[PDB]
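In what follows, a single structure is set out as structure tokens and then discussed.
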Amino acid sequence: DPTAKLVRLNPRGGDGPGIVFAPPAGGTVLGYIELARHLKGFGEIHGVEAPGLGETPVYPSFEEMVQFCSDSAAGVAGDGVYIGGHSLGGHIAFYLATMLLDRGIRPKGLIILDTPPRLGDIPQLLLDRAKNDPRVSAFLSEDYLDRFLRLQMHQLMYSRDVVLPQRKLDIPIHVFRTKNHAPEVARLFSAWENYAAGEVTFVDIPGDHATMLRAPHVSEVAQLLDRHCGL
């Protein structure tokens with residue numbers, strides 16, 4: 001009955017590969033809008049929005065969320081299209097990519113935004129944002145925000161053991177990592193290699209885990225995605 005929603009995040013008509021972003025805890029794509037606006041080397045940028053944010057609210061298990069997002073991404077994914085994500089969205093993206101491969105669809109690569117495989121070791125606002133940003137206003141409502149917050153609290157209770165990757169992914173992985181983590185977190189990024197059957201590339205980006213997705217750092221993050229993954 002319920003389905004995730006594939007949402008276009010950037011203006012139509014670009015050249016270059018695509019990206020489908022999986023949502024972090026709370027199920028929204030809002031977090032990727034500024035990034036998408038600054039990318040220049042990509043064609044179509046989409047995000048998957050969780051079911052129930054439009055509708056009956058939905059609180060999926062991690063595996064159910066992966067299923068929802070795979071089914072939505074499968075409409076556009078394949079040759080020339082990356083899967084990507086930040087925070088819990090990186091784990092969903094990894095498992096979504098795995099599921100697409102299992103179904104005979106091969107994304108170009110996996111883009112991980114500043115999260116290690118061990119997720120659990122990371123230590124009014126948007127209403128106002130909507131006044132400044134019709135792209136954000138296109139989603140946000142008082143109702144959408146309440147649903148997002150409830151879904152966020154649910155997804156923040158996902159077990160670290162469940163979201164940990166297990167299998168090796170047979171497409172290239174690009175890990176974009178900030179450089180101000182505590183050493184006990186910094187040391188965990190290399191474990192993406194555990195989950196890579198092929199190439200894995202690490203790229204340092206400016207900012208910190210939160211500020212990398214907003215100005216001024218997001219423009220440099222975008223330039224580095226363009227350089228390393230885009231046209």
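Note on naming: chains are A, B, ... as they come in the structure tokens, residues start from 1 per chain, ligands start from 1 in the order shown.
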inquiry  = Just want the 10 Å neighbourhood of residue 141 in chain A, counted on only C-alpha atoms, with same-chain residues fewer than 3 positions away dropped. Output as a PyMOL selection string.
reply    = chain A and resi 54+126-127+130+136-138+144-147
Mind dumping the selected residues with N, CA and C atoms as a compact mmCIF listing (two decimals), in the first residue's frame?
```
# COMPACT_ATOMS: atom_id res chain seq x y z
N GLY A 54 3.66 12.71 3.35
CA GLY A 54 2.65 13.50 2.63
C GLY A 54 1.41 13.92 3.38
N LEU A 126 13.23 24.83 10.32
CA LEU A 126 12.91 24.55 8.93
C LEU A 126 11.67 25.31 8.45
N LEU A 127 10.76 25.71 9.35
CA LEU A 127 9.67 26.58 8.94
C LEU A 127 10.23 27.91 8.44
N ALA A 130 11.91 27.64 5.19
CA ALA A 130 10.95 27.60 4.09
C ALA A 130 10.59 29.00 3.59
N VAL A 136 12.75 24.36 -0.36
CA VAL A 136 12.38 23.79 0.95
C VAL A 136 10.89 24.00 1.22
N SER A 137 10.35 25.17 0.88
CA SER A 137 8.93 25.42 1.10
C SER A 137 8.06 24.42 0.33
N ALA A 138 8.55 23.94 -0.81
CA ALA A 138 7.83 22.96 -1.62
C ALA A 138 7.45 21.71 -0.80
N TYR A 144 3.94 18.28 7.92
CA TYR A 144 5.08 17.50 7.42
C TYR A 144 6.18 17.46 8.45
N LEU A 145 6.40 18.58 9.13
CA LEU A 145 7.46 18.66 10.13
C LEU A 145 7.16 17.79 11.34
N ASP A 146 5.90 17.78 11.81
CA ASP A 146 5.57 16.89 12.91
C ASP A 146 5.81 15.43 12.51
N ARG A 147 5.45 15.07 11.27
CA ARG A 147 5.62 13.68 10.83
C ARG A 147 7.11 13.34 10.72
```
query = Which polymer residues have any atom within 10 Å of an atom of residue 219 in chain A, counting only C-alpha atoms, with same-chain residues fewer than 3 positions away left out, as number ranges by chain?
reply = A: 34-39, 206, 212-216, 222-225
Counting only C-alpha atoms, which residues in range 95-174 of chain A sit no more than 12 Å from range 181-184 of chain A? For each one, give the nearest pair of atoms and the distance in Å, sorted by chain then residue number, as CSV.
```
residue,atom,partner,partner_atom,distance
A:114,CA,A:181,CA,9.8
A:115,CA,A:181,CA,10.4
A:116,CA,A:181,CA,11.0
A:118,CA,A:184,CA,11.3
A:120,CA,A:184,CA,11.9
A:121,CA,A:184,CA,8.2
A:122,CA,A:181,CA,8.7
A:123,CA,A:182,CA,9.0
```
Just the selected residues (N, CA, C and O atoms), exported as a tab-separated table (two decimals), in the first residue's frame, please.
```
chain	number	residue	atom	x	y	z
A	114	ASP	N	30.36	11.39	4.79
A	114	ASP	CA	30.92	11.61	6.12
A	114	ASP	C	30.30	10.74	7.21
A	114	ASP	O	30.06	11.20	8.32
A	115	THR	N	30.12	9.44	6.93
A	115	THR	CA	29.69	8.52	7.95
A	115	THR	C	30.51	7.24	7.83
A	115	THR	O	30.67	6.75	6.72
A	116	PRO	N	30.99	6.68	8.94
A	116	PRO	CA	31.62	5.37	8.88
A	116	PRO	C	30.58	4.28	8.86
A	116	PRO	O	29.39	4.50	9.19
A	118	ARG	N	30.20	1.97	11.06
A	118	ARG	CA	29.66	1.90	12.42
A	118	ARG	C	28.95	3.20	12.70
A	118	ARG	O	29.59	4.20	13.02
A	120	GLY	N	26.71	4.04	14.87
A	120	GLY	CA	26.41	4.31	16.24
A	120	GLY	C	27.52	4.97	16.99
A	120	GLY	O	27.36	5.29	18.17
A	121	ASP	N	28.66	5.19	16.33
A	121	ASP	CA	29.77	5.87	16.96
A	121	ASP	C	29.87	7.35	16.58
A	121	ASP	O	30.81	8.02	17.00
A	122	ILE	N	28.89	7.91	15.86
A	122	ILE	CA	28.81	9.36	15.68
A	122	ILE	C	28.19	9.98	16.94
A	122	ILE	O	27.10	9.56	17.35
A	123	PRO	N	28.84	10.99	17.57
A	123	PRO	CA	28.31	11.58	18.82
A	123	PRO	C	27.00	12.35	18.64
A	123	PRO	O	26.63	12.63	17.50
```
message = If we count only C-alpha atoms and set the cut-off at 10 Å, which residues sit around residue 162 in chain A, ignoring sequence neighbours fewer than 5 positions away in its own chain? Please answer as a list in words.
response = residues 61, 62, 63 and 91 of chain A
ask   = What residues in range 3-172 of chain A get the DSSP label strand (DSSP E)? Please answer as a PyMOL selection string.
value = chain A and resi 5-8+18-21+45-49+81-86+110-113
Nearest candidate to residue 106 in chain A (options A:87, A:28, A:81, A:45; using only C-alpha atoms) = A:81
task = Return as a ChimeraX atom specification the full set of residues in range 82-198 of chain A whose backbone-based DSSP assignment is alpha helix (DSSP H).
result = /A:88-102,125-132,134-137,142-155,160-163,183-186
inquiry  = as JSON, numbers by chain, please: the residues near residue 73 in chain A (cut-off 8 Å, only C-alpha atoms, same-chain neighbours under 5 positions excluded).
reply    = {"A": [6, 20, 48]}
Atoms kept (N, CA, C and O atoms) for selection, written as a short mmCIF file (atom, residue, chain, number, x, y, z; two decimals), in the first residue's frame:
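Wrote it out as part_2.cif, contents follow:
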```
data_model
loop_
_atom_site.label_atom_id
_atom_site.label_comp_id
_atom_site.auth_asym_id
_atom_site.auth_seq_id
_atom_site.Cartn_x
_atom_site.Cartn_y
_atom_site.Cartn_z
N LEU A 6 9.97 9.50 -5.08
CA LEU A 6 11.20 9.98 -5.71
C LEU A 6 11.00 11.45 -6.02
O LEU A 6 10.07 11.80 -6.74
N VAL A 20 20.88 9.44 -6.81
CA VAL A 20 19.70 9.25 -5.97
C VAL A 20 20.19 9.23 -4.53
O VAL A 20 20.92 8.29 -4.15
N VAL A 48 15.00 10.18 -2.23
CA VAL A 48 13.85 9.38 -1.87
C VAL A 48 13.30 9.91 -0.56
O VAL A 48 14.02 10.07 0.43
#
```
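Using only C-alpha atoms, the shortest contact distance between residue 139 in chain A and any of A:53, A:83, A:164, A:210 is found at A:53.
Considering only C-alpha atoms, the residue among A:135, A:143, A:174, A:98 positioned nearest to residue 230 in chain A is A:174.
Taking only C-alpha atoms into account, residue 44 in chain A lies nearest to A:76 out of the set A:76, A:29, A:22, A:110.
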